[PDB]
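Presented below is the structure to which this report refers.
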Amino acid sequence: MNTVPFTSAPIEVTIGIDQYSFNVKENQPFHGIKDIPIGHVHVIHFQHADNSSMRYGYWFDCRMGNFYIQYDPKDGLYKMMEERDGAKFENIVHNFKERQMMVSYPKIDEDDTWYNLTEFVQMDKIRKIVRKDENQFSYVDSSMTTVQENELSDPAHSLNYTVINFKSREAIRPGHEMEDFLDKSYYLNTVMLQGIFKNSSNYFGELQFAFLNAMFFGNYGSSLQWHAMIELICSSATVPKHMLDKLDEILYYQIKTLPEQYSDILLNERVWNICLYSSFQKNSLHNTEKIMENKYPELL
Amino acid sequence: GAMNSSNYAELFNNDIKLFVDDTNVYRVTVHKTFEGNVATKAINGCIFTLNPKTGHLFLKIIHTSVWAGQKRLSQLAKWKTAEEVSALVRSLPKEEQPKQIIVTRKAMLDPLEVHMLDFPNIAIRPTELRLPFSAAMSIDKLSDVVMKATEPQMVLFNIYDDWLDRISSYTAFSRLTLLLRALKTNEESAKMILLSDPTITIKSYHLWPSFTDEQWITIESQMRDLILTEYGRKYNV
Ligand SMILES: O=C(O)c1ccc(C(F)F)cc1
């Protein structure tokens with residue numbers, strides 16, 4: 001298990017770590033989060049108490065570097081930093097872990113939720129969507145736009161998700177206009193999976209990362225991307241059987257984790273009704289259909 | 001976006017545009033079978049593609065052979081229409097290609113948009129106007145070429161005959177829509193109005209009779225009376 005220590009916590013803030021959250025009071029003796037499970041990506045996130053504007057946070061993997069958080073009072077936010085040298089870092093942290101002022105990552109032993117939400121997510125692929133090569137961790141916030149949103153404005157501060165557009169020449173082969181528009185299999189299997197993603201694991205990783213950025217930051221472009229990637233599969237008549245069974249598992253845990261009270265803003269009624277009741281795969285997502293009907297029957 | 005009664009003069013400006021009406025593409029008769037079931041029989045159809053400024057009508061005749069062995073024909077018909085309009089645009093010299101294509105039915109928007117992705121500068125638009133172009137097959141010379149066709153064919157007409165020598169395209173379109181609305185509402189009475197007088201004939205190279213300016217006023221009045229008459233009969237007014 002690894003630790004993200006804090007220099008201090010000078011402003012009152014709600015801190016998220018993966019699907020957990022806790023409040024820190026202005027100048028409370030908080031020195032970070034400890035017992036973070038090795039083996040998974042993680043996200044540490046923030047929403048200031050005095051200004052719920054800009055949710056922001058950092059995607060990291062403790063296997064890649066020694067990471068701490070210090071509040072920068074000029075830019076007004078908690079920043080992730082990297083200590084390159086292990087001995088210096090180990091000396092500062094053990095002090096605080098002896099003085100007991102860290103929240104323990106509260107992993108229940110039965111619980112596979114975080115693994116189920118990040119099964120296909122890798123730091124290396126995160127760092128390609130979020131471009132800032134000099135850090136091993138990736139900053140994301142509420143207001144960051146995606147490359148597709150920019151085409152429809154700073155490109156350095158953007159989320160470089162794979163663009164999906166059903167009415168684009170990339171999606172439609174000349175001579176196959178009706179075929180490719182009504183059955184997205186070409187676009188899914190040849191353009192996206194064979195061409196861009198190389199395999200379904202990479203496609204699912206981006207889908208999972210988009211969902212998590214929508215849920216944890218309220219990032220609108222991320223929500224758009226998550227739904228586009230779902231609709232592309234459901235709108236394809238020809239999908240490998242293992243991909244459909246894994247999608248059902250991925251979506252089930254996403255719907256299970258979504259706060260009930262954010263359903264009006266995180267779920268697109270049109271896409272979900274199309275996917276579950278009209279699409280080619282309307283009968284291929286049994287676990288997701290069952291949780292959706294029992295948890296959010298209003299949306300349907 | 002959509003085209004309506006506010007921006008109606010736009011139809012007659014100098015930006016090339018085309019209306020596309022797909023109503024008469026897929027046409028059938030419905031009949032009982034020997035076993036007492038019901039069957040359809042397709043008949044020849046057409047795409048109605050019109051430049052409202054010039055009167056140029058690109059009538060693409062849809063021969064029943066294009067449906068053979070195909071499924072979901074009502075859906076296919078929209079995509080076949082889009083395919084054929086796309087092919088027409090590509091066949092026209094650049095300086096003749098439309099800047100806008102207005103579809104009379106919103107179901108044609110996605111099919112035409114997808115077939116025209118190669119032409120991102122051609123706007124594909126719906127319209128709030130209720131246009132009576134489904135009645136084109138009430139024009140005898142158009143109906144005749146469609147039903148006689150034994151193979152796919154494209155035929156070019158001017159649907160305004162020579163009217164633009166004497167009237168504006170705004171007035172020509174208004175006359176056309178009044179004539180077609182009357183033919184749609186009561187075809188027999190409309191043709192009686194148009195053909196009752198043998199001293200007025202249809203030139204071999206025209207679709208409508210050779211009415212003088214004052215005679216067109218009379219005919220137009222009789223058409224409006226027909227429409228009002230049928231309205232009264234329909235709603236018991
Ligand atoms: O530079 C470091 O390695 C360093 C400095 C300050 C803290 C604080 F968070 F505990 C942690 C690490």
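Letters A, B, ... mirror the listed sequences (proteins, then strands); counts begin at 1. Whatever order the structure lists ligands and atoms in, that order sets their numbers, starting from 1.
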Which residue supplies the protein heavy atom nearest to [atom], what is that atom called, and how far is it?
atom	answer
atom 7 (C) of ligand 1	A:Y68 CD1, 3.5 Å
atom 1 (O) of ligand 1	A:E83 OE1, 2.9 Å
atom 4 (C) of ligand 1	A:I92 CD1, 3.4 Å

Exercise. Any chance the side chains of A:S222 and A:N219 put a donor and an acceptor closer than 3.5 Å?
Worked result: yes
Problem set entry | For ligand 1, the portion of A:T7 having any non-hydrogen atom under 4.0 Å away |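 Within the 4.0 Å criterion, A:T7 contacts ligand 1 through backbone and side-chain atoms alike.
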Assess whether a salt bridge exists between [X] and [Y], defined as any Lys/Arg side-chain N lying under 4.0 Å from an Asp/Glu carboxylate O.
X	Y	value
B:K94	B:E96	no
B:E84	B:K60	yes
A:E231	A:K184	no
A:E206	A:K125	no

At less than 4.0 angstrom from any non-hydrogen atom of [X], what atoms of ligand 1 do you find?
X	value
A:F96	10 (F)
A:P5	9 (F), 10 (F), 11 (C)
A:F6	8 (C), 9 (F), 10 (F)
A:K88	1 (O)

For this session: Write out all pairs satisfying ring-ring contact (aromatic ring centres under 6.0 Å, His included) with one or both partners inside residues 172-197 of chain A, taking only residues at least two apart or from two chains.
Result: A:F181-B:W79, A:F197-A:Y203
